[PDB]
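Just one chain is shown here, as structure tokens, and it is the form deposited in one PDB entry.
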């Protein structure tokens, strides 16, 4: 399989191969099989069960509170996402799946901040919305019992060429020309902090009065930015549905327009509303871009509604499609229908849900499969729509890691758009084997302890950390009979100084240099060692009754003894089983005749 065929070692590359591979770290390792293989194959070789590493990916649950049923409960107790904390662990190239549930709870607290354009064409609307506080509370009591309402207004930056700077009295009465009075120019003023006292919205609105801008584009985006990042003055609640109603009847300015007026410094995510409730940096900071607006609306969890007259509805639809979590509604000139507009905007806004991935590391990737209305499933999507509010939906999240990150305790969050109920993910990667500690670091089996159980260097690392390749004075350490002589006497081949002598059908070879064998001995009188010995490295070892190199001479004396009892009858000398008769006149095998 792949695990064996890749021939990796050290238990770390073995893990890096595939999630399925496993490693064995026995002290009594069986030889001839790779230490890297899938768990079953290691168990086939009977690697000790506690000596196999085989880490396995998983996904736990740390907080699994149930989804709330009503929003009017204790603020901390409301829970719209479950599970709430998850810790998952996976290998350098594996993937794991887990699910998340979201339920748009009913009767949730609601915060409405009515940000209103105050160009001269807005005077009729300013008249028509003098009862909006009470009307809106009366209608919303059906949907939410913890309502709040705010207010704020914008015209445009107070600087030429946007505002009338002459005649000199015009700057203190922009409507001076048409023979009527109106407020001087202003960028953005914070009128009413969010409050539960519905009636006071009506009181505060009646004190307002329109102004006059020279050109059609309004500076609303600069107002939205401050209404988003000045949370402490605006008074956004942590546990509530933030609505930012935006009313206008004209196109809008955008970043880099401030160059015409001498404004080049780019906008930044900071609050500059002074103690007088007027945005102070209006005349020294450019407009904010849609990217920055989207970032700050995501961070502060604001749902932004575009309520605009029918002449510029399409423009703001095309703008909204670039800002996640927004909608559009058509105002009359008199603004007579803003109440119904906001009610239906809230319903539509919470009739959908989409998931944000906040701080995913670059080494991870996520894919979503969404269970949706009526238990149907839609692949690939990370959102759903058509919900009735109160219902519940879930998503199947599948995550994969890319290699082994250098640090293995990162974390990130997943969160629906517009809500703080999120799932916090703790991720860890099992790159390292447990045996890398206390087991592998060193072992005397390799270079007298100078090798991790091996991983030594030149001089030993040739094989088993006991072979040399730096010097090569070679791998044939004394394989030849003598210095400079042929390796293994050319009877085979050697590695690490040991000759693998070849076998033959007519004999076999032995010795470090293959210098000995069991067949190269001499024959005499028809058979090896005369049948009176056995072969050993080309020499005969003779029996007790025989001597000589061929074992050709007998050591016995009973063949020389004569019937008189004397060897050779005392007439000669016995040699190799026969008598050399010295005495003249005597004959016979033993000179006995």
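In this text, rigid core is short for the largest set of C-alphas that superpose within 1.5 Å between two forms. Positions refer to the first chain, counted from 1.
- In the deposited entry, the stretch joining residue 473 to residue 474 is interrupted by 1 to 3 residues of the deposited sequence lacking coordinates.
- Missing deposited residues between residue 453 and residue 454: 4 to 9, all without coordinates in the entry.
This next part talks about the form deposited in another entry, which is not shown.
- Of the residues checked (447, 426, 289, 392), the rigid-core alignment between this form and the one not shown shows a Cα shift of at least 2 Å for 447 alone.
- When the rigid core is held fixed, the Cα atom of residue 108 travels less than 2 angstroms between this form and the one not shown.
- Superposed on the core, the two forms barely differ at residue 61: its CA moves less than 2 Å between this form and the one not shown.
- With the core held fixed, residue 459 shows a CA shift of 2 Å or greater between this form and the one not shown.
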